[PDB]
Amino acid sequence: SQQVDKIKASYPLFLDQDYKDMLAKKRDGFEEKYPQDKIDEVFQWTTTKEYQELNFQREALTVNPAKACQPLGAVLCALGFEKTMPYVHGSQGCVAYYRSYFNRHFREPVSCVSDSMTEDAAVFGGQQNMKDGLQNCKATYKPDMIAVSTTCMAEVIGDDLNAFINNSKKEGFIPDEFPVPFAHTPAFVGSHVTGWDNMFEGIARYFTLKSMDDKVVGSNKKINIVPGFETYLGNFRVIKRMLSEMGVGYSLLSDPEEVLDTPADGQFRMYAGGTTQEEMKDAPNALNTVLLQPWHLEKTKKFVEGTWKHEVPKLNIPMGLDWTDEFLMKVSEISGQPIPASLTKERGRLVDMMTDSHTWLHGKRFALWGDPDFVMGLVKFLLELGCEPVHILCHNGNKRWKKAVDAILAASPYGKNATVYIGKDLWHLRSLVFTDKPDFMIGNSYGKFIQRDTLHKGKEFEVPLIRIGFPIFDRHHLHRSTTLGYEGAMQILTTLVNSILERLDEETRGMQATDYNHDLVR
């Protein structure tokens, strides 16, 4: 039933008595459901240390992964180039998913094509798909460049991307000079960040490998910036803003901020902004190259040092106070530009915010996850704030990374109760927040299901989620946020302390019970 002037959506419509009795009869009648006390009993079991030990013995089963496959990263990297169409050689369903995944996080159009490889091509190869694919995409969506990656069926089959593209051009399907960089992106190797690295290195060597003879390091007086897999628009924006404030010349290599934030002004813009082919051709002439997320840009690093002869600085992701300081000082030394008053003051305003909020941040225990560079940057900043990063989980992390984070933890008293986990998923993390309860989770939207699980045990056990990372599907426009630099540290500090104070307000809202501590001033 419905009241016309107060329409009910699924919630709370299905809480009306007649829907409840219907659902009760369906379950009792035909579902053959386990008794409720057996459900409550098994649930309690899943919150115990005993279950956790079984949970961490898993070898073959993954549950609720905190990572994606390589081609997702090759797509995002390609989208950062001017009028470039990402092209995933292989089966089409992959691309449907890649677009939907990014659609829901950015709430923007996301352009990507497949050559719709089929079980037939599994026998004689996808060569014909590439030839018709490239010619169709070029003529239909008129990109200036087509950046090719692969789905996992193409990798298994063994399609030689380089030869298929050369032949496409040889047989006339696309012009010889039309740029078609490529990268093999096997889903069964690494994760989505590896796909980013592979694509970018592929694009870099396409525009440079055979033209090194005329290159001179430093001749264009710029600094190459490689952002990596990055899904906050404000992180592309803050970097470019800080370098302009310093008078530093720079080339941001892979810049998707324009295309992922076009205005709604009556027309659709498939392409916007992005790194130019000519910035890439001229990149070897830079003073040097800075990798903003070095722990998933290893292949890129070998190419820029091996071919471009740049001496890539050892720098952590510019997150938090110290690592932003180090970033700006290394940029200053390379460029010969001093750090301007406007960044010195912004730095002090961050510190002022730190001193202002430290009493509510001190000792706060956190579980967190994400990609390796983002995770270690968050760990560093938490330690700078006096917080304790109790559970640190990076599904696509490795041993060398874990040793670096462990050393960061050991250099501070706020890391003494922290443990770093690699290769574990969000079902592992669920056990950790039950057996060693933190105060909050810092993670992506998949964390909302762990919060729900914790609340079900009891309100005293609930671990609220703070959404920082990727993907964020259940809040609007957080992709506009910033997490790098002083600006990003300011935003994270604000989100953290206010998440603490909002939760305190909830627990002290009880009239005559707990509202003695419901202070107006905090």
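Start at 1 with the first residue shown and count on from there.
Relative to one another, 115 to 123 and 142 to 150 have unequal mean CA B-factors, and 115 to 123 is the one with the higher figure.
Across the two stretches, 125 to 133 and 91 to 99, the PDB entry reports the greater mean Cα temperature factor for 125 to 133.
For the set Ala187, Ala286, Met441, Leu233, the maximum C-alpha B-factor listed in the entry falls on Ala286. Between the residues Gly447, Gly195, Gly266, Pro181, it is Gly266 that shows the highest Cα B-factor in the PDB record.
Among all modelled residues in its chain, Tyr34 ranks in the highest third by Cα B-factor.
Placement of the Cα temperature factor of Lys416 within the chain: highest third of the modelled residues, per the deposited record. In the PDB entry, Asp322 places in the middle third of its chain by CA B-factor.
In this PDB entry, the Cα temperature factor of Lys49 sits in the top third of its chain's modelled residues, the highest group. Per the PDB record, residue ranking by Cα B-factor puts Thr84 in the middle third of the chain.
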